[PDB]
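Encoded as structure tokens, the structure appears first; notes follow it.
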Amino acid sequence: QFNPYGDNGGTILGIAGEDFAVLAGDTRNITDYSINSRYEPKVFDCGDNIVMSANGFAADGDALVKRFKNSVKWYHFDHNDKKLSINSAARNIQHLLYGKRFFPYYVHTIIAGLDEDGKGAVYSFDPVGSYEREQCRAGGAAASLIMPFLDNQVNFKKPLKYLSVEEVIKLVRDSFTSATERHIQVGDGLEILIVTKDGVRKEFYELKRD
Amino acid sequence: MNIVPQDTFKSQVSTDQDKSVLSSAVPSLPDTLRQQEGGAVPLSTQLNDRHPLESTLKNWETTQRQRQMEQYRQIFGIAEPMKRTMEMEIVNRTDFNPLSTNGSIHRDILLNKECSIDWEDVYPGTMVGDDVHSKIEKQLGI
Amino acid sequence: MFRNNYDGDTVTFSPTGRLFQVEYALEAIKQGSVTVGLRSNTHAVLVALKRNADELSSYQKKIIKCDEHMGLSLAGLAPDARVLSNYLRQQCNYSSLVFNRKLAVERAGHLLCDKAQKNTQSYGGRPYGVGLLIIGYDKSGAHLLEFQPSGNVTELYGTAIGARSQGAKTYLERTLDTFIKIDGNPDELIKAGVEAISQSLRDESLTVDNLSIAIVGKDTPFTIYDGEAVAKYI
Amino acid sequence: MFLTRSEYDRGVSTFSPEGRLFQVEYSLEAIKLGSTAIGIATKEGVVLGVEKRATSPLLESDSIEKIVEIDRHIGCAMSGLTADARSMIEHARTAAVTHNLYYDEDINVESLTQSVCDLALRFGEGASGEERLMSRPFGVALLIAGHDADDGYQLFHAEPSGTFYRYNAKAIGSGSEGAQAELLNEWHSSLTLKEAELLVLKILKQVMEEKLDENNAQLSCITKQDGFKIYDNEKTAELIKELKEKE
Amino acid sequence: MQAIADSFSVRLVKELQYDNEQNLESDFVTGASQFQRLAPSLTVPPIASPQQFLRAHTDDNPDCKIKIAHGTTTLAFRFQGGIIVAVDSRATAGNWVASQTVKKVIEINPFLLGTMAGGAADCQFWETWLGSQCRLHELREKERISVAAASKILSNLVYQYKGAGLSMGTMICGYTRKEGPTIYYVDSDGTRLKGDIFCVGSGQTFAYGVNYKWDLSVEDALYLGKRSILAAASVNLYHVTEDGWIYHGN
Amino acid sequence: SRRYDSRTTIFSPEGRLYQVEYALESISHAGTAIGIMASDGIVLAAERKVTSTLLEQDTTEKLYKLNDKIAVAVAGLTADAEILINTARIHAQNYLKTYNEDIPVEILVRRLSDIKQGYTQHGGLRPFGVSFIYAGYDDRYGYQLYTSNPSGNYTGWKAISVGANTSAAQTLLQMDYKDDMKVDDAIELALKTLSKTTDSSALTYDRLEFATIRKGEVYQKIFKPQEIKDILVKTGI
Amino acid sequence: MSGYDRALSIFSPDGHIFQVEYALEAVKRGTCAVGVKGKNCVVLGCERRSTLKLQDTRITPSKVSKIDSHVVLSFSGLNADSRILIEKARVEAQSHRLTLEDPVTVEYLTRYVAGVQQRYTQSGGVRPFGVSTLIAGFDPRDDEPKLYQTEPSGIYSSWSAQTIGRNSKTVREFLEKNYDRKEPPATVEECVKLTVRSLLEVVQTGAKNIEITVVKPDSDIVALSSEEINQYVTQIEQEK
Amino acid sequence: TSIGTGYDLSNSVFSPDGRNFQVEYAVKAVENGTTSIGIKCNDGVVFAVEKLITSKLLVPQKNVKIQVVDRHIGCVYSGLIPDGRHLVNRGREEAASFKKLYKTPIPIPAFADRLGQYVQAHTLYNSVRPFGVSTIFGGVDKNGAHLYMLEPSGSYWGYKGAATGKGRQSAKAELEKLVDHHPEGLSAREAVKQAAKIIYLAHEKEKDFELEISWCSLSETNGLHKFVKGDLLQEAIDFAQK
Amino acid sequence: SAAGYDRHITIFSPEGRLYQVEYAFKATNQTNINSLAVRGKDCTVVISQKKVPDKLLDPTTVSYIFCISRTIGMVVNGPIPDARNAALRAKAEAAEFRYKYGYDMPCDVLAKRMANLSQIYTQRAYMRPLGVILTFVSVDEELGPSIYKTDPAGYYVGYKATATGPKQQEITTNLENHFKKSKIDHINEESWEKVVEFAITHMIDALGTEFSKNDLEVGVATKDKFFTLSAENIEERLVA
């Protein structure tokens with residue numbers, strides 16, 4: 001029988017700050033032991049200060065992101081251009097994922113943004129829609145390496161609540177550099193999206209290409 | 001230009017897919033009493049373990065008719081399939097015999113089956129809801 | 001008297017060869033308030049006069065956004081305007097989703113004409129009874145179209161529809177050479193439109209409650225101004 | 001030049017020579033055949049008030065329901081045919097509950113009103129292009145009072161034509177003319193909730209043939225904290241006594 | 001008749017599969033009707049054996065496995081003061097940091113509680129859907145829904161999909177004026193069982209040592225539930241009365 | 001009236017249904033049928049509308065067997081009656097198959113009456129122009145006699161007549177019927193009522209149909225022309 | 001009329017639907033039905049046309065039909081349509097009991113019947129039921145009497161005492177004069193006597209043309225025999 | 001009688017004389033439309049249309065009264081504008097389908113038959129009405145030049161010269177004279193000049209109109225439909241005036 | 001005048017007639033054209049009068065004779081739109097018969113099929129009959145030369161020879177006289193050219209007018225093919 005699933009292994013990481021959020025991912029797209037591309041972004045700005053990433057089978061994640069953005073367009077049309085909150089986006093994504101209960105997307109989804117009070121918020125999803133709000137979550141091939149690095153560096157050690165944006169960016173960069181040194185599927189590049197009250201900012205860094 | 005029927009499998013399911021037997025207490029759920037199927041038939045069981053020839057047999061005539069309409073469209077134009085479909089719709093729409101199941105003579109003439117017999121003709125074939133009023137409600141869509 | 005025997009529906013011709021239900025649908029446009037549209041080589045503008053049921057009510061929305069590059073104003077039956085605006089939004093969404101394209105204004109006009117023609121030749125429904133003014137900006141520049149619910153679309157530099165629109169239309173036709181060359185200066189074009197729609201006022205004055213403006217342009221997405229946002233234009 | 005009968009006002013899909021649809025006008029007349037409902041919007045909440053018109057004293061006065069709850073933050077008052085209103089109320093409740101299920105938030109008052117108007121459009125082509133669902137337009141009008149974080153307290157008037165308006169104060173039903181004339185003079189932006197309730201009671205008493213009391217009138221309010229609540233008989237009787245003492 | 005002509009007037013849309021209204025709705029082409037269905041629409045693979053396909057593709061490397069609810073011990077029992085629900089709160093560890101306490105008890109509404117077992121997504125989704133159904137029922141009937149009706153709604157729902165792949169076991173607990181306090185157990189096999197004492201999960205035998213009488217006070221019942229959970233082993237406690245559920249925490 | 005009788009789904013300003021009334025009126029043009037229930041059986045009699053001697057008499061236009069326990073007498077259009085009779089036979093066999101028991105008479109009567117009522121509520125259907133006299137036996141009520149008309153209403157009777165001379169036949173039956181009557185007395189009463197109410201000069205055997213439901217079990221007997229002649233001679237007609 | 005009364009979907013210029021009024025006119029020709037609820041019971045009374053001499057009376061259907069062990073229904077209008085409505089109501093009661101394990105409430109069943117009647121007014125190819133119904137009973141695990149009236153248009157209402165059918169205006173006036181909501185009949189006997197006296201205002205022959213049914217809580221439905229109704233009539237006549 | 005009372009209130013009804021009066025009323029609607037002519041030259045077709053002068057607000061290049069069904073087929077119509085647009089859309093669809101299926105441009109007779117069948121199908125049921133347009137179309141195929149005229153009844157014929165609209169009688173008289181005076185035939189440019197002359201004569205009461213001319217010729221446009229450019233159009237206008 | 005609902009639809013008049021069918025029959029003579037069909041020993045010949053008074057028309061595009069299949073030809077009396085509709089329907093029917101039964105459709109069977117379709121039109125309220133008369137000719141492999149005719153009433157029958165049109169009575173009388181003289185049902189000729197010449201002469205004698213090459217259309221059916229003659233062939237046949 002035809003196998004409709006694939007694997008384009010990558011690594012993503014979402015962290016919620018005091019009044020900011022960050023969602024980062026490696027830009028390597030691979031098939032088995034081959035490299036499809038060295039810069040293929042997986043973290044997207046979906047509007048209304050919400051960043052999204054769906055790591056795993058790339059086609060399913062692209063379809064999920066496309067559907068969510070179209071739904072956001074219709075939400076703006078039907079509700080007088082009301083801003084979509086992060087919790088409502090999480091509920092919409094849960095419904096989108098569970099709509100494929102018997103033919104699921106093979107992805108793990110992380111979204112990030114600012115809540116109603118202005119605090120940073122990150123939501124993590126299981127492949128069929130089970131979701132939770134978390135302070136920090138790593139997903140993909142090198143999560144088991146990235147998480148201990150952050151746990152050693154930070155206390156959830158200066159507390160996470162008093163860290164600035166630059167310090168969080170440095171921690172993410174160091175963890176990804178270590179994972180690149182240790183994991184074959186991690187490298188080439190790292191892209192980070194930062195959500196604050198002023199909007200979404202993108203930063204890019206190079207990683208080892210071997 | 002199909003010969004064997006294709007695209008016969010269902011792509012989505014829901015508890016309210018059968019609009020004619022929806023429960024009045026819970027409109028999102030079906031009414032098992034008025035279904036009169038034995039009371040122990042979930043819809044999911046109809047998605048598995050089917051005879052592979054059943055879908056081919058159930059949709060054979062429709063597939064042949066669609067191929068004929070496509071050929072007419074290719075060779076004669078849009079008007080010929082439009083007229084054939086209009087005639088068939090007019091004949092089928094004004095026939096309402098709640099006490100009979102046999103097809104009309106005019107339908108057989110249109111389908112060129114005046115002197116043709118198949119097993120559907122030889123073998124054409126409760127406590128709740130098998131009366132004239134159910135057929136009236138289904139026909140009128142009320 | 002003889003017209004009374006041949007105006008029952010849209011599938012009946014009169015002995016003289018007239019289709020009266022479509023004519024009545026066209027007449028339904030003048031029951032709505034005046035709207036004006038104009039354009040230059042770089043921008044397109046709509047100006048609408050809004051009406052309220054009474055002093056305790058709000059004013060009707062006459063300008064509806066279809067896509068970041070295209071919008072319209074309506075004059076006539078409200079349900080038909082709602083249906084057509086939703087249909088145009090759906091078509092633009094389909095274009096963007098399937099082809100990553102911005103739907104052309106001419107394509108939208110053709111689609112509207114095709115949709116409107118069907119109701120004028122079949123039994124069961126009625127013809128649409130709302131006129132539309134469509135503005136947009138695409139790879140061919142700025143475009144203004146007038147849609148008549150008989151199933152007709154025309155491309156113009158400027159026009160006006162609704163009650164007493166003749167004065168605004170005459171003013172626009174007289175001063176065509178003025179606003180045809182207002183390139184890169186949106187304020188002058190909006191002011192010309194405001195003067196044109198003021199030409200159609202009868203014992204009424206433009207306020208920040210009954211005036212609505214919309215503009216689209218080369219680097220300007222379709223934007224609607226209401227309330228204080230039009231105060232400087234009065 | 002002869003007088004002959006005209007039949008352009010019988011079919012809902014038939015235009016008059018001037019472009020009117022007279023079946024909608026006759027549906028509005030059917031609305032005017034109903035009892036009076038009044039809504040007044042202030043900055044402390046929205047007040048709804050209806051007249052209970054009973055043909056016989058044997059009718060249970062606690063059975064007439066002209067004021068219903070669509071959601072905790074949205075209430076509605078109806079005037080016209082009761083079965084059409086029942087269908088519309090079912091649709092509105094379904095829309096609110098489903099929006100909460102899919103978005104984990106309260107639906108806007110204007111969004112619910114738009115959904116109800118889209119349903120009312122079903123005697124013709126639907127808002128999204130759906131086929132015709134009804135043979136005739138509805139014969140009932142609605143007053144929808146709500147509170148949302150985006151627009152505060154809102155009052156909307158919804159008609160069978162599929163169009164809704166936002167009102168500071170509105171009246172529908174048999175006595176809607178005099179009631180609306182009084183509302184045009186007696187409303188201002190600084191009204192309190194108590195003053196709004198007293199004004200609603202006064203205007204209902206003015207346009208009611210029978211003597212105003214707790215049995216033939218009903219009051220309700222919506223506030224941000226308490227939500228939507230229909231007053232019991234005792235509170236309305238106390239308010240009526242207070243209004244009588246003031247006047 | 002012209003609709004027939006359009007049906008026979010012309011490829012690209014057919015290949016896109018966008019000539020079907022369901023596909024247009026699922027991709028939000030014509031609007032947001034997809035997010036307006038009281039009964040959710042579930043996608044199935046258009047093949048002869050969807051069940052075998054799902055079972056094969058779910059029982060096999062990355063973090064993209066279907067999340068399973070905690071197998072921790074949960075206890076529910078009923079007494080003259082209402083219902084006591086106790087859950088051993090010991091969250092598992094992974095490559096993530098929790099922002100707050102993780103709840104193993106779903107709050108269906110301010111009067112109904114459910115317990116998670118098996119598939120976490122199934123329990124959460126279908127109990128939220130059940131809450132929506134209960135709210136609609138209460139709006140229609142102008143009265144609070146009985147626990148039996150809600151449990152039966154959930155049981156019928158899960159029975160309609162029996163054998164498709166759903167995995168869930170829940171305890172619906174509620175206090176109404178007509179029925180008093182009531183506890184039902186509903187699982188994905190369609191079973192619906194009314195009961196007085198339920199112990200689910202690992203260590204259920206130890207927790208079934210519930211010293212139980214219909215005269216226990218609220219404090220005594222809370223202490224008994226806490227002690228039973230500790231014997232099975234923090235503990236999360238819920239006290240359900242006619243006025244709703246109250247969360248204690250311990 | 002002319003503006004409210006073209007369709008079956010429209011009420012008159014007085015609340016009348018004219019098509020149903022016309023269908024009821026059409027029954028008066030049919031041959032008379034009579035059912036009489038005695039203490040130990042049921043007698044069905046009917047008069048044919050024969051106008052020529054070329055008609056076959058040995059080979060049933062008024063009397064039909066729904067099943068071994070239930071028979072009917074027909075007044076009205078023959079083809080509509082045949083449609084309804086086939087439907088009733090199928091329903092009785094369905095009940096026997098489902099419950100392994102004979103169908104009660106009232107259930108079959110109610111089913112047919114519901115069908116006829118439904119045929120008065122759809123604009124594309126005209127009412128059945130038939131009236132039935134049902135004669136049956138069941139273990140719940142014993143012997144039973146019913147009548148159903150085009151409107152879908154049905155009634156229970158001891159002695160009843162339908163058709164052209166219903167009023168006079170009913171008057172005679174009222175003047176002559178007794179509760180403790182026997183089957184033979186019922187036969188004689190039915191024959192005398194038919195002879196008195198006939199518009200013909202004589203009540204010959206070839207213008208009669210006769211049937212009896214009795215006991216030895218319960219037996220149905222559709223009389224042959226020779227037996228009809230014998231009973232006519234015995235009575236004195 | 002005036003050309004506005006030939007379809008269900010036509011509004012009159014003054015905002016009326018005349019076919020609904022004509023269905024009500026059809027209802028007005030049926031036999032009178034009365035419903036009166038007391039402190040702890042509901043009584044439904046019906047007028048019966050005088051039985052013919054040769055008409056069988058053992059299997060003749062009653063005017064009061066049991067929808068469920070706790071809910072009963074009486075009607076006025078076309079007899080044949082009432083059978084369809086009653087069958088649908090019984091099916092719905094069993095379906096609700098199967099779906100939710102709980103028997104219907106009186107208001108729920110009234111709403112379902114009204115919904116069926118409303119649905120049968122939404123097409124030009126169908127005829128509305130020319131029947132008005134009175135639905136009585138008690139909610140499960142409850143002791144508050146419930147009485148409702150349903151009309152062909154689909155409108156339903158709740159009444160303390162109501163009459164439908166031929167000459168129902170006189171009976172309604174009698175009830176209005178002789179019924180007090182704040183002091184209802186505290187016993188079954190008083191409610192039955194009031195119902196019988198109300199029916200005697202329009203029934204010509206008397207006791208033999210009156211049917212009385214009494215519904216109490218906990219699924220207690222009793223159909224009074226002819227002897228009890230005759231005793232009530234004789235007592236009323238003696239006290240007169 | 002031109003008015004059939006009792007037999008003209010529904011489509012697809014025969015009168016006692018065997019007439020269909022709704023189609024005749026659609027013909028009456030056509031006869032009030034703008035005058036349009038078509039001339040068949042030696043190896044091509046020429047179409048000419050008279051236009052009313054509208055407001056200056058119309059975009060000059062976006063208002064064309066001659067439709068191009070396909071690269072080799074030209075078309076004009078008289079009657080209801082939406083009906084003409086619908087018919088032209090159907091013709092474009094038919095031409096595209098034929099070209100996709102059989103890898104060749106559709107011959108003119110086959111296109112004419114498909115259009116005629118589509119138009120005739122609208123005289124069969126009471127739920128539709130006949131088209132209120134008469135269409136003059138033409139082009140060039142492997143068999144040569146073809147010019148056809150199609151009526152609301154669905155009847156169509158091939159023509160040496162065709163005219164429709166209000167000024168149909170004068171245009172037909174001029175076309176008959178042109179046919180009589182040129183038994184050998186006519187060239188494309190001479191056809192353009194004669195079409196301009198015929199439109200000018202037919203117009204002549206509000207003497208203010210414009211002229212549109214299109215042509216398809218094997219020798220001139222290589223068997224393609226093209227609008228007449230400025231020089232040739234000016235020459236034709238000058239010849240018509242003088 | 002139909003005087004009722006029969007002014008539009010095909011229902012029985014009080015006299016027992018279908019007026020729409022008769023009006024379609026009247027419509028069959030709109031074109032004012034006569035056609036003749038005769039049988040030879042091994043060929044069948046049809047000749048249709050052509051009237052093209054307008055000088056702007058292209059005569060080559062004016063024809064009422066159609067090729068249905070390889071062996072079947074058809075001539076239609078009536079308006080050309082219905083004629084083309086019927087021609088396309090007949091072509092589809094012949095091809096479908098060949099696909100379904102494995103051999104070429106006979107002329108009489110096709111005529112019966114078209115007659116059954118016409119019967120559908122006569123009986124259905126929402127379908128109108130086509131106002132044309134069809135004449136199918138061929139050389140059947142079992143029956144030899146064959147002429148069959150079908151009308152809007154659904155009636156079809158075969159002929160030794162036939163004529164249709166406003167002047168059909170005179171042509172039929174002349175044919176009857178010739179057949180009485182010859183005492184045979186067919187033309188005793190061996191070449192189809194001679195049969196064509198005889199039919200042309202018969203038409204000229206019956207109509208009393210002379211015909212040129214452009215005033216007639218000729219179709220010939222042999223056992224191999226049915227084919228239509230051109231102007232040169234008809235001009236050659238005229239010279240005799």
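Every chain in the structure tokens has a letter given in the order shown (A, B, ...), and although residue numbers restart at 1 in each chain, ligands are simply numbered from 1 in the order shown.
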
*Define the interface residues of chain F facing chain B as those within 12 Å, counting only C-alpha atoms, and report them as a PyMOL selection string.*
chain F and resi 80+83-88+90-92+94-95+97-99+110-126

Compute the chain I side of the contact with chain B at 12 Å, counting only C-alpha atoms, and hand it back as a compact mmCIF listing (two decimals) with N, CA, C and O atoms, in the first residue's frame.
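Now in part.txt:
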# COMPACT_ATOMS: atom_id res chain seq x y z
N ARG I 84 -33.18 19.78 -36.49
CA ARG I 84 -31.81 19.48 -36.07
C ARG I 84 -31.79 18.77 -34.72
O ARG I 84 -30.97 17.86 -34.50
N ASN I 85 -32.67 19.18 -33.80
CA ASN I 85 -32.81 18.46 -32.53
C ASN I 85 -33.11 16.98 -32.77
O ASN I 85 -32.43 16.10 -32.22
N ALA I 86 -34.10 16.71 -33.62
CA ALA I 86 -34.48 15.33 -33.90
C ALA I 86 -33.36 14.58 -34.60
O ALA I 86 -33.16 13.38 -34.36
N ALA I 87 -32.62 15.26 -35.48
CA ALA I 87 -31.51 14.61 -36.18
C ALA I 87 -30.43 14.15 -35.21
O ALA I 87 -29.94 13.02 -35.30
N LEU I 88 -30.05 15.03 -34.27
CA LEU I 88 -29.04 14.63 -33.29
C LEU I 88 -29.54 13.48 -32.42
O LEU I 88 -28.79 12.53 -32.14
N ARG I 89 -30.81 13.54 -32.01
CA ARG I 89 -31.36 12.45 -31.20
C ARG I 89 -31.33 11.13 -31.97
O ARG I 89 -30.96 10.09 -31.41
N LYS I 91 -29.33 10.24 -34.48
CA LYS I 91 -27.95 9.77 -34.60
C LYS I 91 -27.51 9.06 -33.33
O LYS I 91 -26.93 7.96 -33.38
N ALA I 92 -27.77 9.68 -32.18
CA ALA I 92 -27.39 9.06 -30.91
C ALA I 92 -28.09 7.72 -30.73
O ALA I 92 -27.47 6.74 -30.28
N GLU I 93 -29.38 7.65 -31.07
CA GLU I 93 -30.12 6.40 -30.92
C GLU I 93 -29.54 5.29 -31.78
O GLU I 93 -29.40 4.15 -31.32
N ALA I 94 -29.21 5.59 -33.04
CA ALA I 94 -28.66 4.57 -33.92
C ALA I 94 -27.32 4.06 -33.41
O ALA I 94 -27.07 2.84 -33.37
N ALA I 95 -26.45 4.98 -32.99
CA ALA I 95 -25.15 4.56 -32.47
C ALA I 95 -25.30 3.71 -31.22
O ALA I 95 -24.61 2.70 -31.05
N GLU I 96 -26.22 4.10 -30.32
CA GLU I 96 -26.42 3.33 -29.10
C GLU I 96 -26.98 1.94 -29.39
O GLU I 96 -26.60 0.97 -28.73
N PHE I 97 -27.87 1.83 -30.38
CA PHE I 97 -28.37 0.51 -30.77
C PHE I 97 -27.23 -0.37 -31.25
O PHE I 97 -27.12 -1.54 -30.86
N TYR I 99 -24.07 -0.15 -30.50
CA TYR I 99 -23.22 -0.51 -29.36
C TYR I 99 -23.85 -1.59 -28.50
O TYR I 99 -23.16 -2.50 -28.02
N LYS I 100 -25.17 -1.53 -28.30
CA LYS I 100 -25.83 -2.41 -27.34
C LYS I 100 -26.17 -3.78 -27.91
O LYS I 100 -26.13 -4.77 -27.17
N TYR I 101 -26.50 -3.88 -29.20
CA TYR I 101 -27.01 -5.14 -29.74
C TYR I 101 -26.12 -5.78 -30.80
O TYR I 101 -26.44 -6.88 -31.26
N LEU I 110 -35.69 2.22 -35.56
CA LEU I 110 -35.40 3.60 -35.23
C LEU I 110 -36.66 4.46 -35.26
O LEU I 110 -36.87 5.32 -34.39
N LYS I 112 -39.70 3.42 -34.68
CA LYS I 112 -40.47 3.07 -33.48
C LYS I 112 -39.89 3.74 -32.23
O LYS I 112 -40.63 4.18 -31.36
N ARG I 113 -38.56 3.79 -32.13
CA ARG I 113 -37.92 4.43 -30.98
C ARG I 113 -38.27 5.92 -30.91
O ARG I 113 -38.64 6.44 -29.85
N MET I 114 -38.16 6.61 -32.05
CA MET I 114 -38.54 8.03 -32.07
C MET I 114 -40.02 8.21 -31.76
O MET I 114 -40.41 9.18 -31.09
N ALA I 115 -40.86 7.29 -32.23
CA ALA I 115 -42.29 7.36 -31.93
C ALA I 115 -42.55 7.19 -30.43
O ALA I 115 -43.44 7.84 -29.88
N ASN I 116 -41.80 6.31 -29.77
CA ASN I 116 -41.95 6.15 -28.32
C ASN I 116 -41.54 7.43 -27.58
O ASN I 116 -42.20 7.83 -26.61
N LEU I 117 -40.47 8.07 -28.03
CA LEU I 117 -40.10 9.36 -27.44
C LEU I 117 -41.22 10.39 -27.63
O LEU I 117 -41.56 11.14 -26.70
N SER I 118 -41.81 10.43 -28.82
CA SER I 118 -42.93 11.33 -29.07
C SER I 118 -44.12 11.01 -28.17
O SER I 118 -44.85 11.91 -27.75
N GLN I 119 -44.34 9.72 -27.89
CA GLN I 119 -45.41 9.35 -26.96
C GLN I 119 -45.13 9.91 -25.57
O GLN I 119 -46.05 10.39 -24.89
N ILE I 120 -43.87 9.85 -25.13
CA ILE I 120 -43.49 10.49 -23.87
C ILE I 120 -43.90 11.95 -23.89
O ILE I 120 -44.49 12.47 -22.94
N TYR I 121 -43.58 12.64 -24.99
CA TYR I 121 -43.92 14.06 -25.08
C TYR I 121 -45.43 14.29 -25.03
O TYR I 121 -45.90 15.25 -24.42
N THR I 122 -46.20 13.41 -25.68
CA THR I 122 -47.65 13.57 -25.67
C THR I 122 -48.24 13.34 -24.28
O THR I 122 -49.27 13.94 -23.94
N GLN I 123 -47.63 12.48 -23.47
CA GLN I 123 -48.24 12.15 -22.18
C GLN I 123 -47.75 13.03 -21.03
O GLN I 123 -48.49 13.23 -20.07
N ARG I 124 -46.53 13.56 -21.11
CA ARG I 124 -45.98 14.34 -20.00
C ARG I 124 -46.46 15.79 -20.06
O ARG I 124 -46.49 16.41 -21.13
N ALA I 125 -46.82 16.33 -18.90
CA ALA I 125 -47.37 17.68 -18.84
C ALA I 125 -46.30 18.74 -19.10
O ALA I 125 -46.58 19.76 -19.73
N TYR I 126 -45.08 18.51 -18.63
CA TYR I 126 -44.02 19.51 -18.69
C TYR I 126 -43.08 19.32 -19.87
O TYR I 126 -42.00 19.90 -19.90
N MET I 127 -43.48 18.51 -20.85
CA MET I 127 -42.69 18.31 -22.07
C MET I 127 -43.56 18.63 -23.28
O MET I 127 -44.69 18.14 -23.38
N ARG I 128 -43.03 19.44 -24.18
CA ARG I 128 -43.85 19.70 -25.34
C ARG I 128 -43.44 18.80 -26.50
O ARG I 128 -42.28 18.41 -26.61

*Give me every helix (DSSP H, G or I) residue in segment 37-103 of chain C, going by DSSP on the backbone, as a list in words.*
residues 78, 79, 80, 81, 82, 83, 84, 85, 86, 87, 88, 89, 90, 91, 92, 93, 94, 95, 96, 97, 98 and 99 of chain C

Store the residues of this selection in a file with C-alpha atoms, as an mmCIF file, in the first residue's frame.
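Dumped to selection03.cif:
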data_model
loop_
_atom_site.group_PDB
_atom_site.id
_atom_site.type_symbol
_atom_site.label_atom_id
_atom_site.label_comp_id
_atom_site.auth_asym_id
_atom_site.auth_seq_id
_atom_site.Cartn_x
_atom_site.Cartn_y
_atom_site.Cartn_z
ATOM 1 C CA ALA C 78 -29.302 45.371 1.087
ATOM 2 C CA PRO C 79 -29.597 41.540 0.783
ATOM 3 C CA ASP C 80 -28.283 41.587 -2.788
ATOM 4 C CA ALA C 81 -25.352 43.798 -1.773
ATOM 5 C CA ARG C 82 -24.544 41.424 1.096
ATOM 6 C CA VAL C 83 -24.691 38.383 -1.202
ATOM 7 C CA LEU C 84 -22.536 39.941 -3.928
ATOM 8 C CA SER C 85 -19.931 41.269 -1.479
ATOM 9 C CA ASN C 86 -19.606 37.847 0.159
ATOM 10 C CA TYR C 87 -19.313 36.221 -3.277
ATOM 11 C CA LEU C 88 -16.527 38.601 -4.319
ATOM 12 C CA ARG C 89 -14.703 37.940 -1.043
ATOM 13 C CA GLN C 90 -14.957 34.198 -1.709
ATOM 14 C CA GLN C 91 -13.577 34.578 -5.239
ATOM 15 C CA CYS C 92 -10.634 36.692 -4.045
ATOM 16 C CA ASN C 93 -9.928 34.157 -1.291
ATOM 17 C CA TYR C 94 -9.974 31.311 -3.820
ATOM 18 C CA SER C 95 -7.554 33.152 -6.108
ATOM 19 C CA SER C 96 -5.132 33.890 -3.262
ATOM 20 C CA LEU C 97 -5.297 30.368 -1.816
ATOM 21 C CA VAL C 98 -4.975 28.385 -5.047
ATOM 22 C CA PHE C 99 -2.697 30.529 -7.232
#

*Tell me, as a ChimeraX atom specification, which residues lie within 12 Å of residue 74 of chain C, counting only C-alpha atoms; anything in the same chain fewer than 3 positions away does not count.*
/C:29-37,46-50,60-65,71,77-85,129-135,146-149,160-162
